[PDB]
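Asks: experimental structure and sequence below.
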Amino acid sequence: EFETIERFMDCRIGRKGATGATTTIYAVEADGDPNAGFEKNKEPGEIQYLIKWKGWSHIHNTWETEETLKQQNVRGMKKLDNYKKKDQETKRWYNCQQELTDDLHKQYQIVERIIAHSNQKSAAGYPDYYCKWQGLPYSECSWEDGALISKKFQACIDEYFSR
Amino acid sequence: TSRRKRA
Ligand SMILES: [Cl-]
Ligand SMILES: [Cl-]
Ligand SMILES: [Cl-]
């Protein structure tokens, strides 16, 4: 099977190769941003798109190029043609609105509450947790790796098991 | 039923 693009979240000129799994917020937190200190007037850059994937919560969003999208045979490529058209007719044509939008997008990566846990645990003893995301409805809850959730949202785990 | 993004 293949991945499917749900929504184009953002666009940037970023460091060549700063795409894929190393760009999730949790890979950035563990190993540093692959795009850190990028200055488009000092080194090779490429147009990168921030992708929200179908069936994966916002913590799994990754930066991708049209090349990486085509190489991984992702579905929803019609949205790329659509986003590129929309992006071009914005540059031709706000900063408080883009800032507000960005803060919102950051909230979708925050666990508000844990509402279920798996009976099975990993070898490291972590169950998976069903997460309610800040600023998103319950229809957007998702199962997540307990080891990943414990890194930043231990307080949500503690609240869930305190009940 | 969780997953992580892996290279
Ligand atoms: Cl253990
Ligand atoms: Cl543990
Ligand atoms: Cl409980």
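Replies: In hand now; what should we look at? Numbers count the residues shown, from 1 in each chain, chains lettered A, B, ... in the order given. Ligands and ions are numbered 1, 2, ... in the order given.
Asks: surely residue A:115 is in contact with residue A:143?
Replies: No. Residue A:115 is not in contact with residue A:143 according to CB atoms under 8 Å; the separation is 10.9 Å. Where C-beta positions appear, they are placed from N, C-alpha and C, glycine not excepted.
Asks: between the two, point out the one with more neighbours.
Replies: The residue with more neighbours, out of residue A:115 and residue A:143, is residue A:143; 17 against 14, by other CB atoms under 10 Å in any protein chain shown.
Asks: residue A:52 is in contact with residue A:9, isn't it?
Replies: Yes. Using CB under 8 Å as the test, residue A:52 is close enough to residue A:9 to be in contact (5.3 Å).
Asks: need the overlap of contacts for these two.
Replies: In terms of CB atoms under 8 Å, 6 or more residues apart in numbering or on different chains, residue A:52 and residue A:9 are both contacted by the residues residue A:61.
Asks: which neighbours do residue A:115 and residue A:143 have in common?
Replies: A:130, A:131.
Asks: got the contact list for the residue nearest the centre of chain A?
Replies: Centrality entry for chain A: nearest residue to the mean C-alpha point is residue A:61, 2.0 Å, by CA atoms, centre = their mean. Residue A:61 sits next to A:9, A:24, A:25, A:50, A:51, A:52, A:53, A:109 when contact means CB under 8 Å, 6+ apart.
Asks: list just the nearest of those residues to chain B.
Replies: Nearest to chain B among the contacts of residue A:61 is residue A:24, at 5.0 Å by CB to the nearest CB.
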